[PDB]
Structure formats: C-alpha cells, structure tokens
Amino acid sequence: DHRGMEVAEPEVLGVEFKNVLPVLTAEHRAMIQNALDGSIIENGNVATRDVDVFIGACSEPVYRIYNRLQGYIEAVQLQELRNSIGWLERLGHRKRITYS
Amino acid sequence: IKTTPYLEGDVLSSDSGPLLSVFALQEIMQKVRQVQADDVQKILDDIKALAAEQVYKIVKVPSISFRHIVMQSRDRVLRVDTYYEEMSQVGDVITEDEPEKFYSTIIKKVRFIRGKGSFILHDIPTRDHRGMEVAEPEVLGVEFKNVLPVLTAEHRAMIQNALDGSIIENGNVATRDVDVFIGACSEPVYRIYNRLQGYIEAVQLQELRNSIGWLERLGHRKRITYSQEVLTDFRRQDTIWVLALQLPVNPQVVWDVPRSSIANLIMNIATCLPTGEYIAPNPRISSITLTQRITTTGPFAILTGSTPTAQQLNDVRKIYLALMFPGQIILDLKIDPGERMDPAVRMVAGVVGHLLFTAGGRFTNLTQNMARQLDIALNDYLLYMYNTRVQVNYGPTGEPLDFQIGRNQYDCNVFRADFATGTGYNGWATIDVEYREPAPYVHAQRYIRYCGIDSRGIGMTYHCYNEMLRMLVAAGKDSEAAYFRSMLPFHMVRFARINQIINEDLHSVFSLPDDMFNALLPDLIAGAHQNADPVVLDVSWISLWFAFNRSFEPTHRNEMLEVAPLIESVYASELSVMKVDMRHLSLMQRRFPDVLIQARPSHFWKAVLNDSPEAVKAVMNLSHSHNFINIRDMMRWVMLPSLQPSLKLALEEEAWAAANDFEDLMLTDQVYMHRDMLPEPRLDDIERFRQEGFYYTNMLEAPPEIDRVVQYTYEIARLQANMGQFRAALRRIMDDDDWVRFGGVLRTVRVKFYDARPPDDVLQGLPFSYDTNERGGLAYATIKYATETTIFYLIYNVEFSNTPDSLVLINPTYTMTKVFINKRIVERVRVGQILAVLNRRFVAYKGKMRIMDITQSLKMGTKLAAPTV
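Under the annotation held in the PDB entry, chain B carries the name Core protein VP3 and is attributed to Bluetongue virus. In its Subcellular location (unreviewed entry) section, the UniProt entry covering chain B states "Virion".

Under the annotation held in the PDB entry, chain A carries the name Core protein VP3 and is attributed to Bluetongue virus.

Structural data, given as structure tokens:
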C-alpha cells in the first residue's frame with residue numbers, strides 16, 4: 001500500500017531490470033522509481049466478482065494463450081457448469097450413487 | 001429427571017452433558033471455522049457482564065489537574081497541567097501510511113477523554129474555621145506538598161490565608177441538600193462534567209413509568225408471575241434518581257446493521273434458549289431384555305431395540321436445534337465417500353423424515369437435496385417386498401414415487417417434495433403461521449404452530465399423518481402401521497412442547513422480523529441470497545430415527561432470561577454510539593482534506609470496532625467472517641436516522657464537541673526546524689542567578705514571522721529525497737538562517753522533563769528519518785516524513801563549586817526541532833499567583849443524600865404501576 005492506494009510490488013511485472021540498476025545514474029534512476037510508483041491497481045468485475053486488474057509485460061504468443069484461457073473461463077460460467085452438475089446428479093440417481 | 005441411558009463405547013451412561021445453550025454456540029462456531037478453513041464460556045460470561053455496565057463513577061475527591069515543580073528556587077515554580085501529561089501517552093505513534101492506526105488512536109483518545117470527564121462528587125471533606133465552613137485543601141485539584149518546606153513565613157501565611165478563604169457559600173444554611181465550592185479543573189473534562197450534571201438535574205419520572213409499563217406488557221407474554229403489589233409514584237426527600245438507559249428499545253437500531261443475521265441468532269440463542277433433557281417414549285427400556293424389544297422381522301424390527309451411541313445424541317441435539325429455529329437453521333445429510341451401512345437404517349430414516357420435518361408452503365427446515373434423498377429413500381422402502389407382495393403400476397416418467405400401489409390405487413406422487421405447496425411434509429394442507437394481536441415487539445408479531453396445535457394430546461391428528469397411514473395400509477405394510485398409530489400421543493406432546501418453547505421463550509428483539517421470515521423461502525427458491533443468510537447444520541442417517549423416538553423436556557429455564565432487556569438496550573446503545581462515531585469521522589474527513597492523508601469507510605469501521613466491548617467484538621467478527629461486507633453497506637448504514645437515546649450518546653456528543661479542536665488531542669502539524677544555540681549563562685553571582693529561576697526548552701511561545709520560513713510538502717519532500725538532494729537542500733537552507741515548516745500531516749507529540757543534560761538522541765532528534773547507507777539497490781533512500789516528536793524542558797542546577805565560566809564549551813552545540821502548540825501546558829508562575837488557578841465551580845452532595853441507579857431496580861418487570869388512565 002502507498003498513500004491509501006495499492007501499488008504492485010516490483011516482482012509481479014515480468015521484467016528483470018534489477019541487474020542494470022547498480023550502474024544507473026541518479027536522474028534516470030529517479031525516473032525508474034517514478035515509473036514503479038505508477039503501478040497502481042484498479043478493480044474489475046468478472047463473472048459477477050471483483051478482480052484486481054493491472055498492466056504488465058508479456059510476449060505475444062504467450063499473451064494470446066492467456067487471453068484465450070481467460071475467455072474460456074468467462075464463457076464456461078454461463079450454462080455449461082449447471083448442465084454438467086445436473087447430468088452428474090442424474091447419473092448418481094440411476095446408478096444408486098450418493099454424492100456429497 | 002434423567003435421560004434414558006445411552007451407550008458410551010461399551011458402557012451405559014445417563015449424564016445430561018453440556019447445556020444446550022453451550023452446545024449450540026460450539027456448533028455454530030465450528031461451522032464458521034469451517035467457512036474460513038481455506039472458549040464458549042469466555043464468550044458467554046462476556047455477554048453476561050453487560051448487565052452490570054457503568055459509564056460513571058462516584059468519587060470521593062476529584063483527580064488533581066495541576067502540579068508544581070521545584071527548580072532549586074523559592075521565588076517561583078513551574079505550573080504543569082497533568083491533563084496533557086496523561087493525554088500525550090494515550091495513543092501510539094502515528095505514521096504517514098497507516099490510516100487504521102491513525103483513526104484507532106483518535107477513537108482511543110476520544111474514549112479516554114470521555115472516561116476521564118465523567119465523575120460525581122459524593123461527600124467532600126470539610127473543616128470549620130471561625131464559625132465558617134471551609135473545604136479541606138485535599139479536595140482541591142492541585143497538590144503543593146513539596147512547595148511548603150522552602151517558602152518563607154510571609155508567603156506561607158499568605159498561602160495559608162488563601163487556603164482558608166475557600167469558603168462554602170451556603171455552608172451555614174441549615175437543612176440544605178447540596179454544597180458548592182470553587183475549584184480548579186481542566187476545561188475538556190470540566191465540559192463533560194458539566195454536561196453530565198446538566199443531564200442529571202433533568203427529571204425523567206415519566207420515562208420510568210413507561211419502562212415499567214413496557215416491562216409489564218412483556219411479562220404478559222413471558223408468563224411471569226404477577227406480584228400482588230401495584231407500583232406507586234413516590235419520591236423520597238433524601239434520594240436522587242439516575243436513569244442511564246431507556247427501556248423501550250427500537251428494533252430498527254439492532255436490525256439495520258448489515259450482515260447481522262448470524263450475530264442476532266447467536267445473541268438470541270445465548271440469551272433465551274433454555275436447556276433440556278431427552279426421554280424415550282417408554283422409560284427404563286434398558287432394564288427390559290432385548291428379546292421383548294425385538295419381536296418381528298423387517299427394517300423397523302432391526303431398528304427397534306438398538307441403543308444410540310453417544311455421538312448420535314449430538315446430531316439429535318442438532319435436529320432439535322433446527323426444530324426450534326424454523327428459517328434460520330437448515331439440515332443436510334452427512335455422506336462419507338468411504339462409508340457404508342445396513343440399508344434398513346436408510347429406509348427407516350427416509351420413512352421418518354417426511355413426518356418429522358416440514359418443507360414448503362411457508363418455510364422449510366431442510367434443503368432441496370435432503371428432500372430429494374428422503375424421497376428416494378421412501379421410494380426404495382415402498383418397493384421393498386420383504387414380507388408380502390402387492391401389485392404396482394409404474395408411471396411414464398422416471399421420477400421417484402411416480403407409481404400406484406395396492407389393490408386400491410393410491411397415488412404416491414403427492415409425497416414428492418414441492419416447496420411451492422409443501423405437499424410431502426408437515427406443511428400439507430395446514431396453516432402454521434398466523435397473527436392474533438399486537439406483540440410487545442412490533443417487528444415480530446407472528447405465531448408458530450407446528451401441526452396446527454396450540455396450548456389454548458389425545459385424538460388430535462393432521463392431514464399428512466393420516467395420508468401416511470393410508471398409504472402404509474394400502475401398501476400392505478401392516479406391521480409398522482400399528483407401531484406408527486401407537487406413537488401419536490408422544491409425537492403430539494413433543495411438538496406441543498416445541499411450539500411452547502418457540503412462542504413463549506425465544507421471543508426477543510433478536511428474533512427475525514416477519515418480512516425477512518416470509519422472504520426466506522422465495523429467496524431459497526431463487527438461489528441467490530439477499531439481505532439474509534441461513535446456516536446449514538449436518539446430520540447423519542440414523543439421527544432421524546433416533547430423534548423421532550427421543551423427546552425434549554425443558555428441565556431448566558435460561559439463567560439470563562430475567563435480564564434480557566438490559567443487555568438488549570446496552571447492545572443497541574453501543575451500536576448507536578459506533579454509528580455516531582463513524583459519522584463524526586466522516587465529518588472530520590470532510591473538514592480537513594489537505595492535512596488528512598486519506599478516507600476509507602472500511603478503515604473507519606475497523607477502527608471503531610477495534611475499541612468496543614469484547615463480546616460485541618467477537619460476535620461481530622463471527623458474523624462478518626460468515627458473510628462479507630462492502631463499502632455500499634457502510635454507506636447505507638451510516639445514513640439511517642434510527643438511534644437509541646442514552647447517557648452514553650449524550651456524553652459521546654459532548655466529548656466530540658470538546659475534541660473538535662484537534663490540538664486538544666495532542667496532535668500538531670506546526671513542527672519547525674531551525675538551528676538554535678543551547679544557552680550557557682554567566683555565573684558571576686550564584687544566588688542572583690539562582691533566584692531568577694532560569695530554564696530552557698524547545699517550546700515556541702509565539703509563531704515565527706510569515707516570511708523567512710519555507711513551507712514544505714510531503715510531495716516536495718518525497719521528490720527531493722528521490723533526487724538525493726534532500727540533505728544538501730536542508731543543509732543549505734539552514735546555513736541560510738531560514739526557517740522551515742514540515743506541515744501536511746499530523747504528528748504525535750510527547751512531553752519529557754530533564755535536569756541534567758538530556759540524551760543525545762532527544763536533543764539532536766529529527767522529525768524525519770532519511771537513510772542513505774544500504775545495499776538493497778531499490779527504493780533508493782527511504783524517507784519517513786512523519787515520526788514522533790518530543791517536548792523537553794531543562795532545569796539548570798548549579799552548585800557552589802561551579803566557577804563563573806564553568807559552562808563555557810570550546811565549540812557550540814546546536815538544537816534543531818521547534819514547535820508551537822498555542823497552549824500554556826507549562827507556565828512559570830510566582831509563588832504569589834499559585835492559588836489563582838481556583839476558578840471552576842463545583843457542586844457536591846451530602847452523606848445524608850443517597851444516590852442509586854434505577855436501572856438495577858428495573859431488573860425484571862413484576863410490578864404494575866396504577867391505571868394508565
């Protein structure tokens with residue numbers, strides 16, 4: 001936390017800039033620190049649930065798969081889960097199986 | 001009265017065990033602990049302690065507000081107000097990025113000033129002098145014991161005359177009631193004392209009359225014995241009444257708190273639910289031989305004659321607990337994936353559950369899944385041809401109980417669960433909830449009548465049980481039909497006792513309001529809970545059968561049943577006080593956006609809940625652990641107008657008004673830095689320097705000029721620290737002989753006294769911390785803009801062995817921190833003006849007068865008080 005606003009720690013974002021820090025001059029280092037200070041965290045609603053949203057760095061092919069996985073997560077929550085649970089209940093009903 | 005024996009592993013026992021009021025709390029706490037998985041007496045006595053609350057204290061002598069310090073001189077002394085001395089250490093260190101600590105410190109300071117400001121004088125010491133009555137010096141708010149052994153005869157006589165002049169203006173008046181004398185007292189506590197007094201002289205006889213009337217109306221419903229006496233309106237000439245609490249508590253105050261359903265349920269079950277004992281339909285069955293208990297074959301024959309284990313008694317207790325609370329406790333089945341059982345027990349449990357429980361129509365006691373499992377078990381039992389065979393016709397659909405059985409075609413589809421109409425259970429074709437006449441609690445006026453029976457047991461039946469018997473007879477299950485028929489009186493007695501307990505004992509403000517009670521079932525059908533959350537308890541299969549046979553006998557009533565209204569009023573008043581405190585915090589955030597770091601409703605709630613009665617803290621923590629809260633709920637709650645008037649509320653408002661000026665709270669932003677010289681005076685004449693009383697401190701008696709001072713800000717300081725030029729900039733500005741103001745945030749201030757040279761860390765202390773020696777390679781240099789600052793006073797002690805130039809140092813020594821508070825916390829006062837502090841007016845009672853609290857007298861409502869006319 002900082003000034004009442006949550007700020008992401010320097011390890012969550014996908015960069016490895018710590019090795020070049022010891023040689024950097026003071027005035028560029030201050031700009032780097034200010035850029036770190038700008039990593040504030042907002043809120044967003046997903047599947048009627050609030051989640052933390054922030055900006056980072058990632059490669060395009062990995063980001064594509066990450067976005068696809070996220071979209072699948074939102075897509076499933078609509079109808080598929082309820083139908084699957086209902087079918088499981090019916091199967092337990094027929095096969096004399098009692099589930100918790 | 002003792003329970004029927006139960007088996008403990010291999011030995012029979014009949015101990016009652018823990019009280020039902022204690023068992024329930026443990027189960028609820030265990031379920032809550034299971035919620036956040038990813039001591040009961042300690043709480044029960046904590047609620048019980050709320051019946052002996054006090055918010056004032058009768059004191060013999062007021063606390064001393066001033067004291068004097070000797071500086072090795074007899075001409076003048078220092079006058080120190082101990083109010084700020086005690087005030088500076090109330091809170092902890094205030095940081096620049098922890099609002100929770102800041103608000104908690106503010107709340108603790110307000111509570112401390114309220115507690116210090118409330119006191120009542122009973123009987124002051126006094127002494128006669130020359131025919132006049134003079135109060136003794138001990139009752140005064142100043143102490144000067146060490147002052148006397150140094151003053152001369154002239155000043156001693158002067159101060160003796162000053163003491164002897166403290167005459168009680170009405171002392172010579174005969175047969176008087178109270179006495180008044182002039183005294184000295186700090187303004188912040190004098191305001192609270194005056195407010196308490198002003199509340200005192202306001203007579204409230206009508207309030208007591210109304211409270212007694214409401215107590216009688218409550219005792220009407222609680223079946224309290226009627227005392228032969230009728231209360232009279234009298235006032236003794238030697239008594240003064242005080243009434244801290246008003247009895248007719250408003251239910252909106254307690255039911256407006258968000259996510260308070262679990263809290264209210266726990267409080268109600270702690271304060272009203274009585275203990276009991278369990279009895280089998282036939283006594284002393286442990287004495288009879290097993291052969292007389294097992295007579296035939298079938299699932300019921302196997303079930304009959306078996307003795308319950310000790311563990312299953314707990315599940316029976318859970319089932320009964322759910323029985324007393326219809327819509328707040330719900331059952332579910334415990335199924336272990338790696339367990340098994342004789343199917344006869346499942347069959348019997350399925351048969352019993354339909355008669356034992358209710359579901360649909362108005363309310364439910366069991367979840368939809370449990371209803372489905374019970375229906376499946378009943379279906380399996382009905383298609384169990386263990387003794388005889390009958391024809392059956394199956395239905396087109398595959399749903400359970402969709403068939404016709406017996407020579408006479410009986411439709412079993414009516415026994416399938418349906419929460420819309422409740423055909424399959426005790427809610428079938430019967431009405432159980434009704435309204436008769438206004439209740440003592442306006443929020444809850446409903447009546448509960450299980451099976452339609454009322455107290456205002458042979459032959460009474462109900463539709464569901466008759467249909468059960470008809471279907472059992474049609475299905476050819478003749479053997480168990482007689483067993484069920486013989487059980488009716490026991491069943492009806494048990495349910496009559498349950499209705500009696502529900503309608504008569506569990507009535508309180510914590511009972512669920514009618515609207516939310518009616519809204520539970522549609523909410524459960526919808527699936528998305530709103531404004532109410534039930535709690536689910538888990539039971540086993542055999543528990544249903546063992547509960548169907550064991551009754552509940554209320555051997556003892558709840559011990560705390562007599563004192564429910566007092567704790568109810570205390571809880572409501574505490575909630576109102578918390579709401580008012582949070583509103584004041586919101587106003588404080590509104591007034592000062594430029595000096596207060598930030599605002600957050602969640603931090604407000606956490607800070608106000610941090611300092612609270614422990615029982616309330618634990619109950620609210622459990623309630624908010626079960627269900628979560630958000631900012632919207634806090635915003636909705638901080639605006640509702642409902643409040644519960646009391647002495648606590650008035651005292652809190654007066655304390656807030658007195659503490660509006662934050663300088664009284666020992667918080668100051670006027671912290672300055674300037675290089676100053678530590679004085680070293682000449683010692684040409686030791687006695688001449690001694691008699692003038694020299695002393696030094698970092699205090700500023702006047703603010704510096706508007707110019708020559710630079711105004712610093714947290715953002716500017718942070719930027720300079722990140723540049724690394726902070727130290728150089730401050731060094732240059734101090735070499736420029738200019739002042740600097742470290743404003744923008746409140747800092748904790750402490751007071752210290754010294755006679756020798758103070759420790760270096762104090763004299764050379766800094767208002768901030770700046771560290772530049774680190775190998776972290778991150779955050780660069782860390783700056784802490786807000787740190788603790790200390791007030792120090794120095795008293796110079798000189799001995800005759802000191803040379804005139806003994807205090808001259810080779811090189812100058814500097815001091816940095818200065819601060820202005822605009823209040824004379826420490827004064828240099830001559831001996832002639834010591835007694836001028838006595839300016840406040842005090843009023844006290846006499847020994848003949850007796851003061852007592854009427855609240856303890858309205859312990860229970862047993863006395864009628866004349867016709868209302």
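**Concerning the packing of helix α4 (residues 99–116) of chain B against helix α24 (residues 647–658) of chain B**
All names here are of chain B. The N-to-C vectors of α4 and α24 enclose an angle of 115°; their axes lie 10 Å apart at closest approach. Taken as axis vectors, α4 and α24 run roughly perpendicular relative to one another. Crossing hand, α4 versus α24: right-handed. Two secondary-structure elements touch here, α4 through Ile106, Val110, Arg111, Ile113 and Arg114 and α24 through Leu651, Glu652, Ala655 and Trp656.

**Considerations on the interface of chain A and chain B**
Contact residues are listed per partner, giving 16 residues for chain A and 20 residues for chain B. The junction of chain A with chain B conceals about 1,700 Å² of combined surface from both sides, 46% of it contributed by carbon and sulfur atoms. In this assembly, chain A and chain B are joined by 2 salt bridges. Note that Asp380 of chain B is salt-bridged to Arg96 of chain A, the shortest N-O span being 3.3 Å. If you look at where chain A meets chain B, you find 6 residue pairs in polar contact.

**Looking at the pattern of salt bridges**
Residues and elements named next belong to chain B. Under the definition given, this model contains 36 salt bridges over all chains. The salt bridge involving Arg449 is made with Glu434; its shortest N-O contact spans 2.6 Å. Within this pair, whereas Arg449 is found in the loop between β17 (447–448) and α15 (463–474), its partner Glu434 is found in strand β16 (residues 433–434), the two being separated by 15 residues in sequence. Its relative accessible area of 13% is what places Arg449 among the buried residues. For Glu434, a relative accessible area of 22% gives the class partly exposed. One network of salt bridges, in which partners are shared, links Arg111, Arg114, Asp581, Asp611 and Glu652.

**Description of the packing of aromatic side chains**
Residues and elements named next belong to chain B. The tally for this structure, following the rule as stated, stands at 37 aromatic pairs over all chains. Measuring from ring centre to ring centre gives 5.4 Å for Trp214 and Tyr441, while their planes differ by 75°; the resulting arrangement is edge-to-face. Remark: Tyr441 occurs in the loop between β16 and β17 and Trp214 occurs in helix α7 (residues 205–222); sequence separation between them is 227 residues. With respect to class, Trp214 is no different from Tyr441; both count as buried. For the pair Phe510 and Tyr571, a centre-to-centre distance of 6.2 Å together with 75° between the ring planes defines the contact as edge-to-face.

**Notes on empty space enclosed by the protein**
Residues and elements named next belong to chain B. Volume-wise, the largest cavity comes out at about 270 Å³. Contributing to the lining of the largest cavity are 19 residues, with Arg446, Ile448, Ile502, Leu506 and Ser511 lying nearest its centre. Taken together, the residues of the lining of the largest cavity break down into 10 nonpolar, 7 polar and 2 charged. What the second largest cavity holds in volume is close to 160 Å³. For the lining of the second largest cavity, the element with the highest residue contribution is α7, accounting for 4 residues.

**A word on the nonpolar core**
Residue and element names in this part refer to chain B. The biggest cluster of nonpolar side chains holds 202 residues, and the ones touching the most others in it are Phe102, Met324, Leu382, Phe484, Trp605, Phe726 and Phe742. It is helix α13 (residues 343–356) that provides the largest number of residues to this core, a total of 9 residues. Those residues in contact with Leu382 that lie beyond four places of it in its chain are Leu401, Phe403, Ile405, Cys412, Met471 and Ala475. If you look at the next biggest cluster of nonpolar residues, it comprises 31 residues, including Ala135, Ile168, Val829 and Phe842.

**Observations concerning unusual backbone geometry**
All names here are of chain B. The backbone of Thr175 sits at a positive phi, close to 45°, despite the residue not being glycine. The topology assignment puts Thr175 in the loop between α5 (153–164) and β10 (179–183). Take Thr175: its relative accessible area is 82%, and that puts it in the exposed class. Of note in the backbone geometry, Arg223 takes a positive phi value of approximately 55° without being a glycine. Along the chain, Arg223 falls in the loop between α7 and β11 (239–242). The exposed category is assigned to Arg223, whose relative accessible area is 60%.

**A short note on the environment of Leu247 of chain B**
Tracing the chain through its elements places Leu247 of chain B in the loop between β11 and α8 (251–255). Residues in contact with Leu247 of chain B, not counting those within four places in the same chain, are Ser211, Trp214, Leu215, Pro565 and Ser569 of chain B.

**Focus: the sheet that holds strand β22 (residues 709–712) of chain B**
All names here are of chain B. The strand order across the open sheet built from 4 strands is β22-β23-β20-β28, with neighbouring strands paired in mixed fashion. This sheet does not close on itself; its edge strands, each paired only once, are β22 and β28 (814–819). Adjacent strand axes in the sheet meet at a mean angle of 30° when their direction is disregarded. The pairing of strand β20 (residues 671–677) with β28 spans 5 bridges and is classified as antiparallel. Considered in β28, the bridge of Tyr672 is made with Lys818.

**Describing the layout of surface pockets**
The gaps of empty space that remain are located by a probe, the size of a water molecule, rolled over the atoms. The volume enclosed by the largest pocket comes to roughly 1,300 Å³. Looking at the largest pocket, it is lined by 38 residues, and the ones nearest its centre are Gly92, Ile97 and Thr98 of chain A together with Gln373 and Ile376 of chain B. For the lining of the largest pocket, the secondary-structure elements that each account for two or more residues are α3 (80–94) of chain A together with α13 and α14 (368–382) of chain B. Ranked by residues supplied to the lining of the largest pocket, first place goes to α3 of chain A with 8 residues. Across the lining of the largest pocket, the residue classes break down as 15 nonpolar, 11 polar and 12 charged.

Here is what the cut-offs are and how they apply
- As presented, residues are numbered from 1 along each chain according to the written sequence, a scheme that may differ from that of the entry, and residues lacking coordinates are left out.
- A letter from A marks each chain and a number from 1 marks each ligand, given out in the order of writing.
- These chains belong to a larger assembly; the values given apply solely to the chains on display.
- Where side-chain values are given, they derive from all heavy atoms of the structure, hydrogens and water being excluded.
- UniProt positions are given in the numbering used here, feature names are shortened, and annotations may be inferred rather than shown by experiment.
- Simply put, an axis is a line fit to the C-alpha atoms, just over the touching stretch for a helix, and the angle between two N-to-C directions goes from 0 to 180 degrees.
- We count a stretch as a helix when DSSP gives it H or I for four or more residues in a row; a strand needs E for two or more, and each element gets its number in order from the N terminus.
- When an angle is under 35 degrees it counts as roughly parallel; over 145 it counts as roughly antiparallel; between 65 and 115 it counts as roughly perpendicular; any other value is oblique.
- Throughout, a crossing is termed right-handed when the near helix is turned clockwise from the far one, and left-handed when it is turned anticlockwise from it by less than a right angle.
- Throughout, a contact is declared for two residues whenever any of their heavy atoms are within 4.5 Å.
- Buried area is understood as the total, over both parts, of accessible area removed when two parts are fitted together, assessed with a 1.4 Å probe.
- Any carboxyl oxygen of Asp or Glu within 4 Å of a side-chain nitrogen of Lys or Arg constitutes a salt bridge here.
- By the criterion applied in these results, polar contacts are pairs of N or O atoms within 3.5 Å in which, for protein atoms, one can donate a hydrogen and the other can accept it, and in which residues neighboring in sequence qualify only through two side-chain atoms.
- Under the scheme applied here, a residue whose accessible area is under 20% of the maximum for its type counts as buried, over 50% as exposed, and between as partly exposed, the area being computed with a 1.4 Å probe on protein chains only.
- Any two rings among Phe, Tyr and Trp, with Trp reduced to its six-membered ring, count as a pair given centres within 6.5 Å; such a pair is stacked if its planes are under 30 degrees apart, edge-to-face if over 60, and tilted if neither.
- Each cavity reported here is a set of points on a 1 Å grid over the protein atoms alone in which a 1.4 Å probe fits but cannot get out, each pocket an open set with protein on both sides within 12 Å along at least five of seven lines, and each lining residue one with an atom within 4 Å of a point.
- Grid points are joined across faces, edges and corners, and a volume is the space filled by probe spheres set on the points.
- In this classification, the charged set is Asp, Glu, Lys and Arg, the nonpolar set is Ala, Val, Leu, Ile, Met, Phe, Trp, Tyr, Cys and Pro, and all remaining amino acids, among them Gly, are polar.
- Note on terminology: a nonpolar core comprises buried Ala, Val, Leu, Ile, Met, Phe, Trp, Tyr and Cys residues joined through side-chain atoms within 4.5 Å.
- Strands qualify as paired when DSSP identifies two bridges or more between them.

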